[PDB]
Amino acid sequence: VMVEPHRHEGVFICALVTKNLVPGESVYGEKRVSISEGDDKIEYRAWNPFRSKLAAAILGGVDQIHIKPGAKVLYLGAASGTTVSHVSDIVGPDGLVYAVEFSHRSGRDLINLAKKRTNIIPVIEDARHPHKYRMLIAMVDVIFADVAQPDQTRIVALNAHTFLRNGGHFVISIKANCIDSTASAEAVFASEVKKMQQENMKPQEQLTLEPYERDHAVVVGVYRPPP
């Protein structure tokens, strides 16, 4: 066998690859590996950990990623769809990925990606004001975000309070240099974990992303709002 399933469901390994929901198409120039044995054919896409914090996290040995076939996902800061494309591969045609991006430039890449992928919903909106787009968002199982400013963990939490089910999960990368360049990476990470806790987003694991990123963490946890 030439592509083995990874511990994480929907993730495969040769290095890290996902099953291409759109056979024949690359999203960001990634290699595509197709394996045929008779009439059976399956195409995978290379998942670059120097571009995608999530792939770096999986390679780094993260225990859970909480996306699987059928999962409903809210991705804040979807940019041009790099990481979202692979989340879309994993959740498959019965899952759903809401891809929120403020940038209109990035948004056009996202809409283009979503033309081919029925499970992506581009939402070209400011995640600071979820009320503007709340009527489009069915309640999700998992939220993803890259936090790069000192206000963004709260912005993620306001979206969790609006859209994330009780007992759903979050996967949040943290770019310490962008949050506070005058603080140590460790102090930024502790401060962001504390901001999470104060919003009932309870971390369950965390890791840094060396060698792919410097002073970049990924935190995985569970949302436990009060009644």
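Only the largest set of C-alpha atoms that superpose within 1.5 Å between the two forms is called the rigid core. Counting begins at 1, following the sequence as shown.
Across the superposed structures in 8 other deposited structures of this protein, aligned by the core, the stretch whose Cα atoms lie more distant on average is 147-155, chosen from 129-137 and 147-155. According to the record, the deposited sequence contains 4 to 9 residues between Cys14 and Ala15 that were left without coordinates.
The mean C-alpha temperature factor is higher for 111-119 when 111-119 and 133-141 are set side by side. In this entry, 22-30 shows the higher mean Cα temperature factor of the pair 164-172 and 22-30. In the PDB entry, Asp63 places in the middle third of its chain by CA B-factor. Sort the chain's modelled residues by C-alpha temperature factor and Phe189 lands in the lowest third, per the entry. For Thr182, the recorded CA temperature factor ranks within the lowest third of the chain's modelled residues. In the PDB entry, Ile42 places in the highest third of its chain by CA B-factor.
When the modelled residues of the chain are ordered by their C-alpha B factor, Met201 lands in the lowest third.
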